[PDB]
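1. Just to be clear, this is only the beginning of the complex, oriented as in the whole thing:
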Amino acid sequence: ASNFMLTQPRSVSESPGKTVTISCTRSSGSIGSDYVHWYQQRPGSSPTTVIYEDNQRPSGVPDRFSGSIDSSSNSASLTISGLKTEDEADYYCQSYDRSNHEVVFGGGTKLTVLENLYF
């Protein structure tokens, strides 16, 4: 009766110009059985789509954003290359549970851009 879960890391952090990857793991059923989409949500704003249909980019979304699927880990991933301060936001994956006929959202990942340089 429970929907499958989409589990994302709660927090991801990186310096500008680096590449970050945010995963979304499906707890039951195959990740490839249903499309995964990704939304960006800035504070005080509504979500907007950054990736749809696993790896498609809406018009207007920079090419630094890409999506992929990894069957062996049963996960989807959002990759952001050339990270910019403006990419600081919450990111949600989303799919669909055909058994219960419900949209499933991941729990969200807060992306923070580090200000100092660490090694």
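-> Looks like it came in fine. Residues are numbered from 1 along each chain as shown, chains lettered A, B, ... in the order given.

2. from the chain's centre, how far out does the biggest strand by length in chain A sit?
-> Longest strand in chain A by number of residues (criterion: DSSP state E): strand A:89-97. When C-alpha coordinates are averaged (Cα atoms, centre = their mean, to the nearest Å), strand A:89-97 and its chain have centres 6 Å apart.

3. and what of stretch A:34-54?
-> 7 Å.

4. circling back to that earlier point, give me the contacts around the longest strand of chain A.
-> Here strand A:89-97 makes contact (Cβ atoms under 8 Å, 6 or more residues apart in numbering) with A:3-4, A:6, A:8, A:22, A:24, A:26, A:29, A:31, A:34-43, A:47, A:50, A:76, A:78, A:102-111. Heads up, the C-betas are built off the backbone N, CA and C, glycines and all.

5. Give the next helix or strand downstream of it.
-> With elements assigned by DSSP states H and E, the helix or strand that comes after strand A:89-97 is strand A:102-105.

6. Tell me which other helices or strands that next one touches.
-> strand A:89-97 (3 or more Cβ pairs under 8 Å, 6 or more residues apart in numbering; DSSP states H and E).

7. go ahead and place chain B:
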Amino acid sequence: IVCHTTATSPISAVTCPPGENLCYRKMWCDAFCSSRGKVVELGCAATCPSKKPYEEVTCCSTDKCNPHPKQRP
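-> Chain B goes in next, on the same frame as the chains above:
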């Protein structure tokens, strides 16, 4: 005959024009078949529509006999 039609908003039932005494359902897959299921066209016909490869067409001759799957018992 009254038939369901997918040509109206919302989808609805209509009395068929003179000489069209059959309801029909025509179905085919598009690229979203694996998620949204088949595309379905419902309406009226004089003769049961011809079908191309990979299309399914079935007709019936009682009122409202061709409901959309989401409006069918």
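
8. again for the contacts of strand A:89-97, chain B present now?
-> Residues from elsewhere that reach strand A:89-97 (Cβ atoms under 8 Å, 6 or more residues apart in numbering or on different chains): A:3-4, A:6, A:8, A:22, A:24, A:26, A:29, A:31, A:34-43, A:47, A:50, A:76, A:78, A:102-111, B:35.

9. Point me to the residue of chain A nearest chain B.
-> residue A:35 (7.1 Å; Cβ to the nearest Cβ).

10. For residue A:17, give me its contacts.
-> A:82-83.

11. Now do the residue of chain A closest to chain B against residue A:104, distance only.
-> Going from residue A:35 to residue A:104 by Cβ to Cβ, to the nearest Å gives 11 Å.

12. Repeat that for residue A:62.
-> To residue A:104, residue A:62 is 27 Å away according to Cβ to Cβ.

13. chain center to stretch A:19-27, what's the gap?
-> Distance, centroid of stretch A:19-27 to centroid of chain: 6 Å (Cα atoms, centre = their mean).

14. Quick check: buried residues in that stretch?
-> By neighbour count with 16 or more other Cβ atoms under 10 Å in any protein chain shown, stretch A:19-27 contains the buried residues A:20, A:22-26.

15. so can I have TSV of the residues you listed showing secondary structure?
-> Below are the buried residues of stretch A:19-27 laid out as TSV (DSSP: H, G, I helix; E, B strand; the rest coil):
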residue	secondary structure
A:20	strand
A:22	strand
A:23	strand
A:24	strand
A:25	strand
A:26	strand
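
16. Chain C follows; place it on the structure:
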Amino acid sequence: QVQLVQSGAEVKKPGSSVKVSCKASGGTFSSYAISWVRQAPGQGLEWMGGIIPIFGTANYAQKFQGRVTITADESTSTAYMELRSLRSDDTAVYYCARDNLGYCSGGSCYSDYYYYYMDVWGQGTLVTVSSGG
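-> This next block brings in chain C, placed alongside the chains you saw above:
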């Protein structure tokens, strides 16, 4: 470039109901579905259900079945979410959001419900519910 414009924030007593509206620009819902998605404070997005006006059917998440009602009036291009028996867990921002993939075109329609990605989002409506109940 449709927009969805929602009604304003509300503060409610426990046990009351709220009805949030969602007006589509352009005068029509066409064959699109509209979902309602909520976000409790500091928490994630949660789907409540949706409506497909062209079919006259609504779909609900089991968590809200029988307590929420989602409706839409094509004639006024407005969709609504009525949530009853409000409690503290219902304090949240409520969003309406359009499913990008229409259900019909050229006089034919898809057979099955499947909620695709949400392209156009309303601005959100905060509903705050006071304690108890």
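
17. Once more for the contacts of strand A:89-97, now including chain C?
-> By Cβ under 8 Å, 6+ apart, the residues outside strand A:89-97 that reach it are A:3-4, A:6, A:8, A:22, A:24, A:26, A:29, A:31, A:34-43, A:47, A:50, A:76, A:78, A:102-111, B:35, C:44-45, C:114-115, C:117-118.

18. For the buried ones among the residues you listed, write the corresponding ChimeraX selection.
-> Here is the ChimeraX command that selects the buried residues among the contacts of strand A:89-97 (16+ other Cβ under 10 Å):
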select /A:3,4,6,8,22,24,26,31,34,35,36,37,38,39,40,41,47,50,76,78,102,103,104,105,106,107,108,109,110,111 /B:35 /C:44,45,114,115,117,118
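
19. Just the contacts of strand A:89-97: which are in strands?
-> In this view, these that belong to strands under DSSP E are A:6, A:22, A:24, A:26, A:37-41, A:50, A:76, A:78, A:102-105, A:109-111, C:45, C:118.

20. Next, work out how far apart the residue nearest to residue B:65 when sequence neighbours are not counted and residue C:104 are.
-> Nearest-residue entry for residue B:65: residue B:23, 5.3 Å, with adjacent residues in sequence omitted and distances by Cβ to Cβ, 6 or more residues apart in numbering or on different chains. Distance, residue B:23 to residue C:104, using Cβ to Cβ: 18 Å.
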